[PDB]
Q: 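To start, I am sharing the structure in question, which I have written as structure tokens.
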Amino acid sequence: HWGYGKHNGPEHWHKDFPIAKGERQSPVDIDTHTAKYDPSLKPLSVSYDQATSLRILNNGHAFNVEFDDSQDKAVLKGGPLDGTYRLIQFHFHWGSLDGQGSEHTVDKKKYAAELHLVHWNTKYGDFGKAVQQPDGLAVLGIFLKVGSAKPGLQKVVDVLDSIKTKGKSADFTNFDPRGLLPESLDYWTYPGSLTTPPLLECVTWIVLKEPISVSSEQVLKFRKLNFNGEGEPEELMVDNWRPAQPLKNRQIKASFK
Ligand SMILES: NS(=O)(=O)[C@@H]1O[C@H](CO)[C@H](O[C@H]2O[C@H](CO)[C@H](O)[C@H](O)[C@H]2O)[C@H](O)[C@H]1O
Ligand SMILES: [Zn+2]
């Protein structure tokens, strides 16, 4: 099936997933000088106080930290969003080197990695139903650059030896995602899609202006992960990011001047 190499990567996806060339695909380049400040965007509201993490999983494309979304525990509201979006999982996209790895770009700048915190609109009852709606998902995108360590990431970095290969997972309870946020909640927002197949155009993207810093030793451990399953030839999990796609008939709004 699909992945990130020469033969199965982002240039091939359209063959099985023709929406890949669609109206509202992600990621995109964020041109800071074309984005329109919108004084009527409400403040963004991140409520991760009661967040219940369960498990970390290597799915052969990335690793997912999954949350209990059986009630309104950790939710995203405000900003450009209507109603409540429940957190289900976060994951990253990262590079083989520090100059690449993020999906969105800022004035063409690629960051070392990009965090995605994935939320579904509760008005739709479950995740499977929400992916089928234009306002079904809200994903909070946060850029990572390399510098000093993010202490709130270290617990994630430590568990990765135990989920090296596709299909492995470990228990991952009592992890707090507020430790992955920057100080500022300033953001750009546009309507878009999942950046992995099935590339469903159901996402309101909220991309934070301010990056988090991670140590070099922290990203190096991401890069020690494996695309392959146990006992297969080693393909390092690196460069699992889709490049930027045409903006087309869309506007990126900024929460800030
Ligand atoms: N990069 S992304 O956030 O657009 C992309 O979207 C999917 C999530 O909506 C995908 O999901 C993984 O976890 C979800 C949520 O439960 C699904 O169940 C799916 O089967 C699983 O792959 C990607 O992980 C993510 O890259
Ligand atoms: Zn993602």
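Index from 1, following the sequence. Counting starts at 1 for both ligands and their atoms, in listed order.
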Q: Taking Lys248 for the side chain and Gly22 for the main chain, is one N or O donor matched with an acceptor at less than 3.5 Å?
A: yes

Q: Using a strict 4.0 Å threshold on nitrogen-to-oxygen distance, state whether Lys129 and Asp126 make a salt bridge.
A: yes

Q: Quick check: does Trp205 get an N/O under 3.5 Å from an N/O on ligand 1?
A: no

Q: Can you tell me which residue and heavy atom of the protein come closest to atom 9 (O) of ligand 1, and the distance to 0.1 Å?
A: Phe127 CZ, 3.1 Å

Q: Tell me, which protein residue and heavy-atom name are nearest atom 11 (O) of ligand 1, and how many Å apart are they?
A: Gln89 NE2, 3.4 Å

Q: How many degrees, to 10°, between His93 NE2 and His91 NE2 as seen from the Zn ion (ligand 2)?
A: 100°

Q: Are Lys109 and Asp107 close enough for a salt bridge, meaning some N to O gap below 4.0 Å?
A: no

Q: Got the closest protein heavy atom to atom 4 (O) of ligand 1, with its distance?
A: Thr195 N, 2.9 Å

Q: Of all the non-hydrogen atoms in the protein, which one sits nearest to atom 22 (O) of ligand 1, and at what distance?
A: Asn59 ND2, 4.0 Å

Q: Do the side chain of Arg242 and the main chain of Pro10 share a donor and acceptor less than 3.5 angstrom apart?
A: no

Q: Would you mind checking which non-hydrogen protein atom is closest to atom 6 (O) of ligand 1, with the distance to 0.1 Å?
A: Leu194 CD2, 3.5 Å

Q: What protein heavy atom sits nearest atom 16 (O) of ligand 1, and how far away is it?
A: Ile88 CD1, 3.4 Å

Q: For atom 21 (C) of ligand 1, what's the nearest protein heavy-atom neighbour? Residue, atom name and distance, please.
A: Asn64 OD1, 4.4 Å

Q: Please answer whether the main-chain N or O of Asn228 pairs with a side-chain N or O of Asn226 as donor and acceptor at a distance below 3.5 Å.
A: no

